[PDB]
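Some notes on the structure that comes next.
All Cβ positions, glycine included, derive from the backbone under ideal geometry; neighbour counts span all protein chains shown. We did not get these values from a lab; they are worked out from the coordinates using the rules stated.
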DNA sequence: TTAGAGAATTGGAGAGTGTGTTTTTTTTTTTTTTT
DNA sequence: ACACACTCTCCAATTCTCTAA
Ligand SMILES: [Zn+2]
């Protein structure tokens, strides 16, 4: 056989390398200021997510990363279990 | 106020001011990056003067222009025969006499593409000598392969010239004949110098490969060398 | 036959 | 066989010479044509070759033969023009039946050859083979017919009509009425022929104007000039206006609909109203060109392309990347964009209409067609007199036809009706917006109940069977009906018509429509947006409202709105105002903030608001920045109150009962 | 309204095949024989 | 025999459709 293809998958997201890093650091990473423009602060939010997206899965363009994440986010039940777990933690 | 674009700079002033004592060495060791940093600094300072002092001059005009630094008086002159492979990509100073100059050569800087079927057009940046042609036409409804094509006479070009510099007799070894080295010069400094002129120059000492044949990517082990001038005196 | 017009041709 | 084919071709050529020829005794250099004998049999046998052979075998080979031997250009036009000029001179003074017979039988062949072309999966392989070439030949026909003596053959055709206008309807035999249908059927074909559409077999993934044809020959502008000089517009205007008085409506009114469709098709109404001028706007456009040039310059390095050094960028966790180029040394934004741009992959992409010539439905209509000053004023005069004279009577007759015949319809007639309605209603609204001399009563037949029911029924039936082209066209028409209603309420029965227009069933349909638009072409989504704007505004000025607005607000509509908005580089200034009106409605008024916290919107505002995209001084930037400020303010508040939304921003919202309610609020 | 089971369309991995390659002045400085 | 240009083929990745809970 030819070599099988490599893909983004929910296992990567649920790994310690994956989504928990964002929730462990996002409160410290991003910082808005009224003292800078709407364009300035809007440009600031996407830095951390772009670098994180590259570190997670360097395959594809950034838009493709988001639009790929949409499918597995809607479909996979284990990922949805993790997400309801997050919002239950806030309900706690 | 005179509407001019180039600034001279004798490097010894970097040693006088305390904050730039180390920048002098970094200039000699890493010219390509440092000179670009200096250029973008000068342009920003020129904008800052008009906006801070709130003058009448057109901001768009200053934004349109390119500004360049031209360092000189870098240090001791170096003999033409004594340049060694450990001097590659460092700044150099030479003295000599001009033999001849070739006519101006057009050098491409920006490419222009046009779609054959839908007439969509794109301008593309040239870096490292390679044209980054698109894979498919980028119009959304005309996403087709092999669909763009180059239009030669709507590209943008720049001037290049080659000058032949000869060793002055003061340095020649005993019982030998003088040698020569080739200088590549661009834009402002193209047509400055004539046969028989005596000059001193300043530029990066470069080296590049050369192909074995025009058909294939096979390179030779020996490398060509030349000088890339940034100032003439 | 798989005939097809260039519907997207508008320049 | 090939020899049988060439035998028929040679038979057609010998018939193309038995027809007659000019006179060599004349000493007149050259004279006109001169007439043969057996010519009745020649024309009749040629008609038989079309009908009895080619149609029965479905070939178009016979048309290729007559095109080879150039019968139209060489014989038929001089025969008709000689008849016309002879009878014209006789009228100036103020067996002859046989001359008139030859005139009739020449015109019928002229209608037959220029008949427009249709291709399906049921057409023969012969016709599919011959489609591309007969298109070229019909283009030659259009040019030649409009050219001869500045188009004088068109005067013969209306004289044939005038013979049947002459005496009372009470006398007029069916064969008599067929002439009056035929003369308009001619003009429909002369307008309809236009440059070809390229078509190939999809076996492998890898212009048609002949050498004697050019655009200015074929443009609509030429047709306006040719029609005006040869006295056509008076004929159409007098025929349509007196249609009510006992011209048998059944024979005339559908072809007379097709004409009005066939040269309203490619006009924007703003081009007909102005709102050294050309040079002035050209200079302004050159300023815009300079701005684009400035944009390219701001990303251009000073020193040459081989001077460049190298750059290294270190992330958190001390990992390093590499990028080249001199501008990357200073601009981190450009470095970050350039880093991702090198990567190869793009996800491949999904794609709605076929079987109809080019129109508003499947082309970008931000591209005018261009008029001489005389042509502009003449065309304006024609359609203005048409509206002031003929519009209501024509629409009443054609609409009370179709209610009795809706089941039998074909897609052409539906799309024709729906794009005749829209054009004339919209044009009258704009003209009365401009000036007080015009009035809205000229187009008032559209509002009466039967036509409203019919447009509704077309939209209904088209949507149910998933026929999307008729759905698009019905969308456009229903938009114009709602706009006209909002005009008349700004001045009795109109409120009754509104209440019947907004029964709950129709609210279900009109709410359903934007959701499916996400998949389709750009024009479909734009139609959905404009219809939605009008629909919601009318129900705003009804004072029910809270029920209706909550019906609209949900994920798939927002998906369509963002998918449409990201192609802003192709769109108008006005559509973005409409989109941000809707976003204001969702975000501020309804306070359904949770919908828009999704990441692909945050990218779009960066792209659209940057120095890249929308102009620094266009009116759009006011709206965009004023929106983005409030958006990020509320987002700051939400994120600090509940840090879980950092992971929330990537994904759709979560529909679980117990956590979802607190998630949304 | 979600989701999962089955069918159809497309991409490009990668394997294969054929191909091309080495290789009469005219002007100007210098030595030599000839009248 | 050693880089190239071009052709051919198979296989699995992807989206679309139907069914039932
Ligand atoms: Zn294209």
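Could you tell me the distance between the Cα centroids of segment D:250-319 and segment D:57-109, to the nearest Å?
Measuring centre to centre over Cα atoms gives 49 Å.
With 20 Å bins from zero, work out the P(r) of chain D over every alpha carbon pair and list the percent per bin.
Percent of pairs per bin, in order: 14, 40, 31, 14, 3, 0.
Mind checking D:643-655 for the average number of partner chain beta-carbons within 10 Å of each residue's beta-carbon?
On the way: counts 5, 7, 4, 11, 10, 3, 4, 10, 9, 3, 0, 7, 2.
Per-residue shielding by partner chains comes out at 6.
What ranking do B:5, B:36 get, fewest neighbouring Cβ atoms within 10 angstrom at the top? Numbers along the way, then the final one.
Numbers: B:5 14, B:36 24.
Exposure proxy ranking, most exposed first: B:5, B:36.
One-quarter of the Cα convex hull surface for segment B:131-233, in nm²? Write out the running numbers ahead of the final one.
Details: hull surface 46.2 nm².
Averaged projected hull area, Cα only: 11.5 nm².
Please report, in Å, the Rg and the Dmax of segment D:543-665, where both are computed over Cα atoms only.
That works out to 15.3, 48 Å for Rg and Dmax.
For the Cα atoms of chain B, what angle does the longest principal axis make with the long axis of helix B:31-52, in degrees from 0 to 90, nearest 10?
Long axis of B:31-52 versus the principal axis of chain B: about 70 degrees.
Determine, from the Cβ-Cβ distance of residue A:12 and residue B:57 and an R0 of 56 Å, the FRET efficiency 1/(1 + (r/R0)^6), rounded to the nearest 0.05. Kindly include the intermediate steps, with their values, before the conclusion.
Numbers: r = 55 Å, r/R0 = 0.98.
That gives a FRET efficiency of 0.55.
Above 16 angstrom, tally the Cα pairs of segment D:472-542 and express them as a % of all pairs, no decimals.
Roughly 49 percent, once rounded to a whole number.
Kirkwood hydrodynamic radius, segment A:5-52, all distinct C-alpha pairs: what's the number in Å?
Here the Kirkwood hydrodynamic radius works out to 12.5 Å.
For residue D:551 and residue D:351, FRET efficiency with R0 = 30 Å and r from the beta-carbon atoms, rounded to 0.05? Let's see the in-between values first.
Values: r = 30 Å, r/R0 = 0.98.
So, using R0 = 30 Å, E works out to roughly 0.50.
Per DSSP H run of at least 4 residues, take -39500 (n - 2.57); add these up for chain A, divide by its residues and hand me the 222 nm value, nearest 500 deg cm²/dmol.
Details: 5 runs with 64 residues, N = 92.
Dividing the helical sum by the residues of chain A leaves -22000 deg cm²/dmol.
Please report C:10, A:61, D:143 as a ranked list, fewest other C-beta atoms within 10 angstrom at the top and most at the bottom. All intermediate terms of the calculation are to be shown ahead of the outcome.
Numbers: C:10 13, A:61 16, D:143 20.
Going from sparsest to densest Cβ surroundings: C:10, A:61, D:143.
Spin-label point model (7 Å from Cα, Cβ direction): what's the residue D:434 to residue D:280 distance in nm?
About 1.7 nm, to one decimal.
Calculated from DSSP H runs of 4 or more alone, at -39500 (n - 2.57) each and per residue, what is the 222 nm mean residue ellipticity of chain D, nearest 500? Present the calculation step by step, with values, prior to reporting the outcome.
On the way: 30 runs with 399 residues, N = 665.
Dividing the helical sum by the residues of chain D leaves -19000 deg cm²/dmol.
Report, largest value first, the span of the C-alpha coordinates of segment D:283-379 along each principal axis, in whole Å.
In descending order, the Cα extents are 72, 41, 24 Å.
Ignoring everything except DSSP H segments at least 4 long, calculate the 222 nm mean residue ellipticity for chain B; use -39,500 (n - 2.57) per segment, divide by total residues, nearest 500. Intermediate results must be reported in sequence, preceding the final value.
On the way: 4 runs with 42 residues, N = 233.
Taking each H run of at least 4 residues, the total per residue is -5500 deg cm²/dmol.
Rounded to the nearest 0.05, what FRET efficiency do residue D:170 and residue D:51 give with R0 = 35 Å and r taken as the Cβ-Cβ distance? Could you check?
Numbers: r = 32 Å, r/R0 = 0.93.
E(calc), rounded to 0.05, equals 0.60.
Can you give the log10 of the normalised intensity I(q)/I(0) at q = 0.10, 0.20 Å⁻¹, computed with Debye over equal Cα scatterers of segment D:70-216?
Log-scaled intensity ratios, in q order: -0.45, -1.29.
Which residue fluctuates the most in chain A, going by a Gaussian network model with Cα springs under 10 Å, if the choices are A:16, A:40, A:76?
A:40
Along its principal axes, what span do the Cα atoms of chain A show, with the longest given first and each in whole Å?
Extents along the principal axes: 58, 37, 21 Å.
Which of D:597, D:273 has the fewest other C-beta atoms within 10 Å, and how do the rest follow up to the most? Intermediate values should be presented prior to the final figure.
Working: D:597 17, D:273 13.
Ordered by Cβ neighbours within 10 Å, fewest first: D:273, D:597.
How many times 2.2 N^0.38 Å is the alpha carbon radius of gyration of the protein assembly as shown? Show your work: numbers first, answer last.
Details: Rg = 37.6 Å, N = 1001, 2.2 N^0.38 = 30.4 Å.
Ratio of Rg to 2.2 N^0.38 Å for the protein assembly as shown: 1.24.
Under a point spin-label approximation (7 Å from Cα along Cα-to-Cβ), what is the residue D:566-residue D:629 distance to one decimal in nm?
For residue D:566 paired with residue D:629, the spin-label model returns 2.8 nm.
How large is log10 of I(q)/I(0) for chain B at q = 0.14, 0.15 Å⁻¹ when the intensity is taken from the Debye formula with one equal scatterer per alpha-carbon?
-1.14, -1.22
Kindly provide the Kirkwood hydrodynamic radius of segment D:61-135 in Å, to one decimal, from all pairs of distinct alpha carbon atoms.
Numbers: mean 1/r = 0.0680 Å⁻¹.
Hydrodynamic radius (Kirkwood, Cα only) of segment D:61-135 equals 14.7 Å.
Rg/Rh for segment D:166-246: what does it come to with C-alpha atoms and Rh from Kirkwood? Don't skip to the end; give the middle numbers.
Values: Rg = 19.5 Å, Rh = 16.6 Å.
Ratio value, two decimals: 1.17.
Considering all alpha-carbon pairs of segment D:1-146, what whole percent are spaced by more than 22 angstrom? Spell out each step's value before the answer.
Values: 4822 of 10585 pairs.
For segment D:1-146, the fraction of Cα-Cα distances above 22 Å is 46 percent.
For the pair residue C:6/residue B:157, report the inter-label distance in nm, with labels modelled 7 Å from Cα in the Cβ direction.
3.2 nm
In whole Å, what is the distance between the alpha-carbon centres of segment D:134-180 and segment D:417-436?
30 Å
Angle check, please: helix A:77-91 long axis (alpha carbons) against the longest principal axis of chain A (alpha carbons), in degrees 0 to 90, nearest 10.
30 degrees
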